[PDB]
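Engineer: Just the structure for this:
(2 chains, ligands or ions: 2)
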Number of protein chains: 2
Amino acid sequence: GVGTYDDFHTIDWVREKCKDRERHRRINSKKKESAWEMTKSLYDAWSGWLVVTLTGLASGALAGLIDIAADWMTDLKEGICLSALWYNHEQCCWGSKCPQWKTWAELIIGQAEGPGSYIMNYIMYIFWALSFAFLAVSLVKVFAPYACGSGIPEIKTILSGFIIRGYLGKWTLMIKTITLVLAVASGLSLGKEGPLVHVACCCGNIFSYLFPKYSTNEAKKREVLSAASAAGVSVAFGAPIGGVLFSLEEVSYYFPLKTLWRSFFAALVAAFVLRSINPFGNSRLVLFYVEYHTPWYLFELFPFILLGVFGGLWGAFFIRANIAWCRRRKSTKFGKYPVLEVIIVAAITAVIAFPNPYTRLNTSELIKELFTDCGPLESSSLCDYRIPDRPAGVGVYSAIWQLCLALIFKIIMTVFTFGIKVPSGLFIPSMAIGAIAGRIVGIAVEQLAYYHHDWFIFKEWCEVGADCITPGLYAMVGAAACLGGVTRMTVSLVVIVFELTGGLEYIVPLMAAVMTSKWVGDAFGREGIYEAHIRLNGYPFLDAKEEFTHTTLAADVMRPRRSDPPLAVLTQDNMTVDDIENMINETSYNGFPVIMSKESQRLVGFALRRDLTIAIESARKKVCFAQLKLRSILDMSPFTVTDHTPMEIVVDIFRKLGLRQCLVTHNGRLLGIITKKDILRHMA
Amino acid sequence: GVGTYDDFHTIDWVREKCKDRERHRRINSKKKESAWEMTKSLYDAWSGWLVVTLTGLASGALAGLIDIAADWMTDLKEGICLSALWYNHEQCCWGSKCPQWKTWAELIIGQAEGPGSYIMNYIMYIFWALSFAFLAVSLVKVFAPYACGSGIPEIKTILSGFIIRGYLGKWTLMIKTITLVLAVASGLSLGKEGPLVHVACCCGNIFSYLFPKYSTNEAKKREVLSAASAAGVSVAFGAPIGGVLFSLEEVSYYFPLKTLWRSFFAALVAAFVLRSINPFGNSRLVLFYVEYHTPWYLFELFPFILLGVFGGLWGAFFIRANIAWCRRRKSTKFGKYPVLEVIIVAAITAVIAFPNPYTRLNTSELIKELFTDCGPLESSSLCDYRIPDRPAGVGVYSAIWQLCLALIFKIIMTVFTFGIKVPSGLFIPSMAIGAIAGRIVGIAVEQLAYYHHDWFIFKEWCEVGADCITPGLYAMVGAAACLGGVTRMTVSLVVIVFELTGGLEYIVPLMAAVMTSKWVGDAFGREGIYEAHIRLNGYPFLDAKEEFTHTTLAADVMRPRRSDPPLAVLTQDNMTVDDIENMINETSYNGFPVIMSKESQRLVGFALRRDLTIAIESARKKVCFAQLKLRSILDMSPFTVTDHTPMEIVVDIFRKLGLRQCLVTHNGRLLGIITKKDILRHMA
Ligand SMILES: Nc1ncnc2c1ncn2[C@@H]1O[C@H](COP(=O)(O)OP(=O)(O)O)[C@@H](O)[C@H]1O
Ligand SMILES: Nc1ncnc2c1ncn2[C@@H]1O[C@H](COP(=O)(O)OP(=O)(O)O)[C@@H](O)[C@H]1O
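Structural biologist: Numbers count the residues shown, from 1 in each chain, chains lettered A, B, ... in the order given. Ligands and ions are numbered 1, 2, ... in the order given. The protein structure is shown below:
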């Protein structure tokens, strides 16, 4: 009964460490007496490996299920394969102009060409997009309201020591997976990679319920969740080392460095499970695992920086627009119509997604097609090529028009969608926009060299009769730069990109563009998109990048103030159960120091509301607190700090040890108490 | 003047953080006034990259110089290349039974064969080994007494916040490098890999002196040293990721995770400098960089565990013998004759090193020859081979005799040498002993399979007419297991091994053997050899693996005790210059709290002996301390803790924040002070 934390609060880690210490002492007491005790102790010890192992296995299985369901469903938007209903379009196309894969215009109208078939397929596409969007939103609203958003803000807040009982419950796993599948099915500008971490996290949570050790102790569950975060990111990107570094960089809040092997094993197990699972015959770990064998030139360095500016500048734009819109939509009438709003957004997407050739295709496949340079058998309009430079046809102008319109779409439509009550991620929109910009700049530079190759800056670099530029690397660097400039990741992103796409020959432009994008972005708000999303949520995140301009002390922050009523404390002997009931009913606080008497106001001990309550009605069902006596249940060694302390040290202590609140006393006379929420309130 | 730390003490990190904050405020006050201050600020910001870059570059250059010099010296121990004096035997032999590479017997006697030449070469080998040993010990004794030991324990203590002014001085770099070269030249059971980190560290230190930001600041220099540790380990082993993972695990004490990129870049820079530098034409990054393309069988798993036991047991044995001997040699007359002791040890080495074929050769080359399996052109006695199993000749028995004698010599002599007043390391002896044991077990299993292949346990796995076992992998796993079992490294060691020896097909047995050896070793002392030396030196290391059995409080450790005189404190108004001077001269303490008056004994402020003294003579050259007045110089916000605090929380705060000492007060009445040394003393 003691030690339970109310939902929507912050954990106190040192008490949890003391609980673990007493549990360890109890285990050691009976450890060596019998072989059965030894077996139990070894099982408890191996539980540390077991939680990570089961979490990784479940994360891999869930990722496989989600991937197969998602690609299957998003394939249904186009047509069906009569011969094999269970397969998708590409399985039937390769399972041998694919007659066995029919569309709906031919299915009903019987015509595969002409305005009529085009209109029929268009109207169907809108209809099916609406159906998936509506059903996903209805399911999430009815069955799980915490599937919203991406899942990085909430997880970051959870690991720091926050509590959200339902955000990782047994129920949210099923609903989250189903609605993520059905949301990525609709083709909305939202991914199934990043948010999958949440799913991974859930695994840990659920399995942590089976072992008592990691359930009662909050810090142990937090460590398991920090491991599951790396496992989930590794599954999402197939970057186990990137996944481990991700938890340290932008997810985990506390790291004793003794669980790094746990995170590494989690990322290995989850990746292994994901790659092993391929029932339909798929070979790639992820849909868009690509490899390169193309070179790049030193003179080619100048344009990345230019692109880097975009990869950064867009960041500043995005984090300045969506955050604004995400605010406005939460205050105007529009926030009271979730289902209708998401229907409208998805309808706008589909209506302005099918006509454009690129957007009609799932965003992962668009990213792939932008990654790969024109293949020997490639004959798409993206490579409208018919002299030192290769000739270009008139169709390149049309391709540029179509692709620039696709960019102008993907940049706008993504801003409005991340604040919807359905699963969504930002990795995919960022990657896609960056890759699109990269391809644009690559084509532009190729044409510019073609027209004016006679200049000295070009004749000595570009070879005659051969390609001089590699737009695939431009797409890669653009994607990485935009992702870095939106979510302000520099090293974890580079590691994940390296693991996703093998080949060390491209690390230099990637690092250059990422650093340039970060530099540009920091000038327009040094907080990542996830940081500012937590800010909008108002969650209690204790930033490790703030600076105190004023040389102020806790004297200005210790509560109460001259304009606030006095704090509530407790006495030992003169006070009985009835007074305790009256005080508890007549006050709405959480923690109470205990003092000898009112006149002295000298700090003696500390206690919390819920222990005091449960204890008093337990005693009533079945008074002096100093040396019936209730001294034992009263904690007597609370952490203190000198009242004249500078605030910076107090903040550092809270961040390092993880104490929800600390007292503040003068000459031994208790004065005030400071909690994380108060520190954040003064942080404004 | 204020803030300087006396040698052989521990740093207080929070005051250093406050100094960093005030410096940051001072720099910010004038950041935007003109472009010149902007340039200065950017230079200060880039200083963080600059220190690591210069440290890595210098470490690489020094490692290259040391490697070439060590090869050249240890090569002259055998003979000389008359045609080209500067070259070594290997280059001269490859520069075309090598007539241009002459030996001593031919040079003087003129005959390359017969007992006479054997005796001449043997005696000259002993003489030259004595010459190198004597010169090395004389140089280290005369010019640098801190080059002793390996250098890992001292570095571990330095990063934690210890101070040793001379252990990294401008002078110790030259002497340390020279004597390490001349010591590895003698061929003693000691390597130039591990200790090179010390050299790397020095670089950092020295170059840190050029930037005021990183010089006056202790914690910043500690971060630079933690980076240089990874850089040095990377240079020694050619494992940049290995070095970065090593710094966190067994070297660094504090890591804010914001310098991990610094350590990673230091490792890359150092590795690049090392590989680039090869003036004599060498291509390998290290002497013994190897690659493998050999398979292994699952049924082959059983003996690794057996070998693991050895790799474990030897660990326990070694850490139980040397630590004992290193104690005895420091308390008996033998400790007053350093030069003669090292002469005796080197003489024993050389005299009992040449007759055995393996020990005659430098230990790195022995490790290489044990790593590589018999090549197609190999015809050495190690491969005495002339039916399902390959026939074995009589020479295998003689090879086994010689190699077991070599193992006995290496296990025996290595114990006595690590406590000598010359540069030495444990990586090389551990690797060599483990590899030797691995090769022994490999040959034994091959012979067993040859003799008793008829059993069902072999016919199902070992093919006819081809080799069934790979002793090279056995040597690799033995080396890794012994190193893990002596130095108690599990993950950093395995990553370093992977980087040193490419190929992921050999991670499973490495992990198995390392884990088994660690399990076996922990049963015989859970402290690594490096930890055991840090203990024996008595340095103030605050272990993060101890457990308090008694439910004791700081009330048990607050000083003074009933049996000790009272603490020295200071008044503010009634005191003057004469009284404070007399009190300072009459006491030998380090910290002094300041109180209103003797009767009250209420904590008010705190100060230090050295700061107080410097302030006193400064004031006298050119009294009230409360609100001439010396209030300002008196610190007024010292960290405190409640007297009834459990000791565990106090230890945790010291380990986390890094405070030398904390006061302890009751009811606001100051009672005592607890410092790291006192906590360690009660840790006994
Ligand atoms: N009017 C007040 N008078 C005295 N103390 C106050 C007053 N208001 C708030 N406090 C102190 O601030 C704390 C509330 O901070 P907060 O973190 O928001 O909630 P909690 O303390 O439940 O975590 C209380 O525990 C209390 O000690
Ligand atoms: N006899 C004593 N009476 C009161 N205090 C003592 C006594 N001996 C030691 N102390 C306390 O212990 C501290 C010495 O601890 P130690 O860490 O070994 O040295 P330092 O304080 O110089 O680091 C002193 O600063 C002092 O406050």
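
Engineer: residues near residue A:41, how many?
Structural biologist: By the criterion of other Cβ atoms under 10 Å in any protein chain shown, residue A:41 has 15 neighbours. C-beta coordinates here come from the backbone N, C-alpha and C atoms, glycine included.

Engineer: Excluding residues flanking it in the chain, which one is nearest it?
Structural biologist: residue A:31 (5.2 Å; Cβ to Cβ, 6 or more residues apart in numbering or on different chains).

Engineer: Helix, strand or coil: sort out the one you found for me.
Structural biologist: Judged by DSSP: H, G, I helix; E, B strand; the rest coil, the three-state class of residue A:31 is coil.

Engineer: Okay, helices next: where are they in the stretch 151-300 of chain A?
Structural biologist: A:152-160, A:170-185, A:196-208, A:212-216, A:218-237, A:240-246, A:260-276 (DSSP state H, counting those that start in this stretch).

Engineer: Turn the ones you listed into TSV, columns for mean neighbour count and distance to ligand 1.
Structural biologist: What follows is the helices of the stretch 151-300 of chain A, written out as TSV (neighbours: other Cβ atoms under 10 Å in any protein chain shown; distance: least, Cβ to the nearest ligand atom, whole Å):
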stretch	mean neighbour count	distance to ligand 1
helix A:152-160	23	14
helix A:170-185	22	26
helix A:196-208	26	24
helix A:212-216	16	21
helix A:218-237	29	16
helix A:240-246	26	30
helix A:260-276	22	30
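
Engineer: I'd like those as JSON lines, with distance to residue B:46 appended.
Structural biologist: Formatted as JSON lines, the helices of the stretch 151-300 of chain A follow (distance: least, Cβ to Cβ, whole Å):
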{"stretch": "helix A:152-160", "distance to residue B:46": "30"}
{"stretch": "helix A:170-185", "distance to residue B:46": "43"}
{"stretch": "helix A:196-208", "distance to residue B:46": "35"}
{"stretch": "helix A:212-216", "distance to residue B:46": "44"}
{"stretch": "helix A:218-237", "distance to residue B:46": "31"}
{"stretch": "helix A:240-246", "distance to residue B:46": "24"}
{"stretch": "helix A:260-276", "distance to residue B:46": "30"}
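
Engineer: Quick one: closest of the ones you listed to ligand 2.
Structural biologist: helix A:218-237 (30.8 Å; Cβ to the nearest ligand atom).

Engineer: Report the angle between that closest one and helix A:196-208.
Structural biologist: Counting by axes from the mean of the first three to the mean of the last three Cα atoms, to 10 degrees, helix A:218-237 lies at 140 degrees to helix A:196-208.

Engineer: Helix A:218-237 vs helix A:260-276, what angle?
Structural biologist: 40 degrees.

Engineer: before we move on, back to that, neighbours of the residue nearest to residue A:41, how many?
Structural biologist: With other Cβ under 10 Å as criterion, residue A:31 counts 14.

Engineer: do you know which of the helices of the stretch 151-300 of chain A lies nearest chain B?
Structural biologist: Closest to chain B of the helices of the stretch 151-300 of chain A, according to Cβ to the nearest Cβ: helix A:260-276, at 5.8 Å.

Engineer: How about that closest one and chain B, touching?
Structural biologist: Yes - judged by Cβ under 8 Å from any Cβ of the partner chain, helix A:260-276 comes into contact with chain B through A:260-261.

Engineer: Go through the first helix or strand past that helix going along the chain and flag the buried ones.
Structural biologist: Going down the chain from helix A:260-276, the next helix or strand is helix A:301-328, by DSSP states H and E. By neighbour count on 16 or more other Cβ atoms under 10 Å in any protein chain shown, the buried set for helix A:301-328 is A:303-305, A:307-319, A:322-323, A:326.

Engineer: Report the backbone C-alpha coordinates of stretch A:353-371 in CSV.
Structural biologist: Extracted C-alpha coordinates of stretch A:353-371, given in CSV (Å, rounded to 0.1, in the frame of the first residue of the first chain):
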residue,chain,number,x,y,z
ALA,A,353,-2.7,13.1,-53.8
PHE,A,354,-3.9,10.9,-56.7
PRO,A,355,-3.4,13.3,-59.6
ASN,A,356,0.2,13.9,-58.8
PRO,A,357,2.2,10.8,-59.9
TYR,A,358,4.6,10.9,-56.9
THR,A,359,2.1,11.5,-54.1
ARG,A,360,-0.2,8.8,-55.3
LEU,A,361,2.5,6.3,-54.3
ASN,A,362,3.1,5.4,-50.7
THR,A,363,5.7,7.7,-49.2
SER,A,364,8.1,5.0,-48.4
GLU,A,365,8.1,3.9,-52.0
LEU,A,366,8.5,7.6,-53.1
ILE,A,367,11.6,7.8,-50.8
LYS,A,368,12.9,4.7,-52.4
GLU,A,369,12.4,5.9,-56.0
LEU,A,370,14.1,9.1,-55.0
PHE,A,371,17.0,7.2,-53.5
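
Engineer: what's in contact with it?
Structural biologist: A:74, A:121-122, A:125-126, A:187, A:189, A:191, A:287-288, A:290, A:352, A:380-382, A:402-403, A:405-406, A:409-410, A:428-429, A:431-432, A:435-436, A:438-439, A:472, A:475-476, A:479, A:501 (Cβ atoms under 8 Å, 6 or more residues apart in numbering or on different chains).

Engineer: Nothing else from me, thank you.
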